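Heads up, the thing below is written out as structure tokens.
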Amino acid sequence: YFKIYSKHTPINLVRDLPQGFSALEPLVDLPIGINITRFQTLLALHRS
Amino acid sequence: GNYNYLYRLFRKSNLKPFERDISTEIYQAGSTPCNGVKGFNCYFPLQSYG
Ligand SMILES: *[C@@H]1O[C@H](CO)[C@@H](O)[C@H](O)[C@H]1NC(C)=O
């Protein structure tokens, strides 16, 4: 099975995680049904 | 015999529920490792159906 939770937290901090309370609301289901042991994110680049 | 159906008689572990395995990998049936080459105690786990 699969579940996605998310919440748009509004912050005005600098570096670390915020202090306060806020929960996440489920959005998406997507039953791929395979062996998942790792995940990787994407980082965009820029050229001068 | 329609030999288009295959099955995996040989493997190392028993699968967890709701898992798929279509890989074609050798298995060791004794004390002699296969290392990708057939021989003694080394068989292809997929066998066609007669
Ligand atoms: C997932 O893959 C790892 C190695 O890639 C294997 O050891 C494990 O048994 C696999 N699990 C399932 C449920 O397929």
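Whatever order the structure lists them in is the order used to number ligands and atoms, beginning at 1. First the proteins, then the strands, lettered A, B, ... as listed; each starts at 1. Any value given below was found using the heavy atoms of this structure, including those in side chains, with hydrogens, waters and symmetry copies removed.
Screening residues 1-10 of chain A for side-chain hydrogen bond (donor to acceptor under 3.5 Å, both in side chains), with sequence neighbours left out, gives A/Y1-A/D29. The salt bridge (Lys or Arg N to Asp or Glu O under 4.0 Å) analysis of residues 19-40 of chain B, with sequence neighbours excluded, yields the pairs B/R8-B/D21, B/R11-B/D21.
Judged as a side-chain hydrogen bond (donor to acceptor under 3.5 Å, both in side chains), and not counting sequence neighbours, B/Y3 has no contacts.
Protein residues are said to neighbour a ligand when one of their heavy atoms lies under 4.0 Å from it; for ligand 1 these are A/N35, B/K16, B/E19.
Of all the heavy atoms in A/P18 and A/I11, the pair that sits closest is CG-CG2, 4.0 Å. Closest approach of A/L17 and A/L13 over heavy atoms only: C-CD2, 4.1 Å. Contact detail for B/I26 and B/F44: the closest heavy-atom pair is CD1-N, 4.1 Å.
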